[PDB]
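To keep things clear, I will list the structure first and then write my remarks on it.
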């Protein structure tokens, strides 16, 4: 209710895609329903919740489809693809949270907000795309893709295969900030900023879309401190941050500020996750949490996960 | 504006598509920008605004893409395509509204909500798909593709040419209504119900999508009344709903009593007509609420609001 602290939670890939599942609808739906049941617990413990997600595989299938059907229907640019993934991802999430609400005989009170994020158009990211999207290929398939379509680039994504890559500039402003705040002030569980937000530039007072995909964690950090949130929570499948064996539990700003200059996090898909938690904790004095989707409430209660706090 | 009366406006194909126009992104955006200018004037008059739209050409496109790409990427069902189209269309609309707000040194206060609409799974519509979506085809390009595409049904979209046709079951409930009313109470300009809502059924307390495209005027009419909005406004490309097309008896519905338009409906004056569901929709709002419903063209909206034009349906 009106009394709850606010937690901003950035769902990950596996809220939706497990390790090399195929992206059909039902598969993703069952994963979302599993996530929703965990989220619900946080709602029931009485925190206000802002939920975000990645959109990596989902925006990549969509851009793939736009490419493959170009001779048959006009191809949409990458920001429009991002928009369409928000609809789809936002649909799945809003519906499963409505269902878990109703199953527990609570009146549904959840929405998905389409979301734009301003970025810098001449960011270096536009001349070296580095953000993996879509499903995994082999280097065998990857090489034919590039041979086949030489505008497109694949790269190795942490031993899972090869993936198409897109420009990923830093998020500067969530355009729908005011509205998101209005909703949370009003006790709505808000889903927003799916996939980091639709990448846009603002020139001459004109917001127009640009072709990128933003880091979900960097955007949610931005969102969380903009909202002056009580917690930033980034969910994975792994209960903590680890190395090489160091398992990070509660750690102070400084020590983890010290571990990241030494690239404990320049090997993992974990660095900017750490980078996003740090910035938020730095900026707000409030705790950021990186845990598994499965121990989320345990973490809030302080029973587990990597928790980062002020000094 | 906290003092404002609320107006629920359904935008038409022409919000996004004009004349035989191609559906590239830039063309459609251009059209949204034009719609947004007109809308801004209603917000600037000081009215609260909930904006809806169709999604027929855009969801059929998306569905086209999923079918063409099915061998290379998993093909998404129609309700999931509906969701994506809200994403696409709501993004265009919000951005456009944002821009016109900024251009007028007014801070952005606008958002699209993904919207689910409940229907009846047994609704006859499911046995008789009727809603044209996507591009137009020759008769012959069409047969070429129900031999090819068994089950996928096409139909003669009104002496313009052939089109895919899908179940259009009647809307029963806007799942996000409460949130939409909360936004409106807080004076946010809300875009929602784009394409009439993602069609869903609710069974045993579980909501799940069904493969359909709901009439967006029916869904909007339903939303307006659930909101007890002050007006419901359906914007098209014709300044008015009309009677006896091409007689010298061709009359122009201007201000008109509920009783009189109902009877006209009953006698089949709009029946073989694009205005059919639009009149049904305004009737249903006005009959439920006593409030004025308006059928106008995008380019004379405020004048309609100001009572200088358009078909304005008033209670008995």
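Quick look at the numbers
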read-out: Which listed residue, of A:166, A:175, is surrounded by 24 or more Cβ atoms within 10 Å (Cβ to Cβ) and touching a helix residue (DSSP H, G or I) at 6+ places or on another chain (Cβ under 9 Å); value: A:166
read-out: Residues of the range A:134-178 that turn out to be closer than 23 Å to residue A:207 by Cβ and not in a loop (DSSP other than H, G, I, E, B), as a count; value: 7
read-out: Residue list for the range B:126-151, restricted to those being within 14 Å of another protein chain (Cβ to nearest Cβ), over 16 Å from residue B:216 (Cα atoms) and in contact with a strand residue (DSSP E or B) (Cβ under 8 Å, 6 or more places away or on another chain); value: B:135, B:136, B:137, B:141, B:145
read-out: The range A:26-35, residues that are under 15 Å from the mean Cα position of the chain (by Cα) and either within 13 Å of chain B (Cβ to nearest Cβ) or surrounded by fewer than 19 Cβ atoms within 10 Å (Cβ to Cβ) (or both); value: A:32
read-out: Criterion: within 28 Å of residue B:84 (Cα to Cα), more than 14 Å from every other protein chain (Cβ to nearest Cβ), out of contact with any helix residue (DSSP H, G or I) (no Cβ under 6 Å at 6 or more places or on another chain) and not in a loop (DSSP other than H, G, I, E, B) - qualifying residue of B:219, B:281; value: B:219
read-out: Yes/no for residue B:190 being within 14 Å of chain A (Cβ to nearest Cβ), in contact with a helix residue (DSSP H, G or I) (Cβ under 9 Å, 6 or more places away or on another chain) and in a strand (DSSP E or B); value: yes
read-out: Selection count where residues are at the interface with another protein chain (Cβ under 9 Å from one of its Cβ atoms), crowded, with 24+ Cβ neighbours inside 10 Å and outside any helix (DSSP H, G or I), scope the range B:96-122; value: 7
read-out: Which numbered condition residue A:43 misses (of (1) closer than 21 Å to residue A:287 by Cα; (2) assigned to a helix (DSSP H, G or I); (3) in contact with a helix residue (DSSP H, G or I) (Cβ under 7 Å, 6 or more places away or on another chain)); value: (3)
read-out: Some residue of the range B:64-83 being at the interface with chain A (Cβ under 7 Å from one of its Cβ atoms), closer than 28 Å to residue B:180 by Cα and assigned to a helix (DSSP H, G or I); value: yes
read-out: Among the candidates A:59, A:32, residue that is touching a strand residue (DSSP E or B) at 6+ places or on another chain (Cβ under 6 Å) and either assigned to a loop (DSSP other than H, G, I, E, B) or closer than 24 Å to residue A:276 by Cα (or both); value: A:59
read-out: Condition check for residue A:23: surrounded by fewer than 24 Cβ atoms within 10 Å (Cβ to Cβ), under 17 Å from residue B:80 (Cα atoms) and touching a helix residue (DSSP H, G or I) at 6+ places or on another chain (Cβ under 8 Å); value: yes
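Readers should treat all values here as calculations from the given coordinates under stated rules, not as data from a laboratory. Note: ideal-geometry Cβ built from the backbone for every residue, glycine included; neighbour counts use all protein chains shown.
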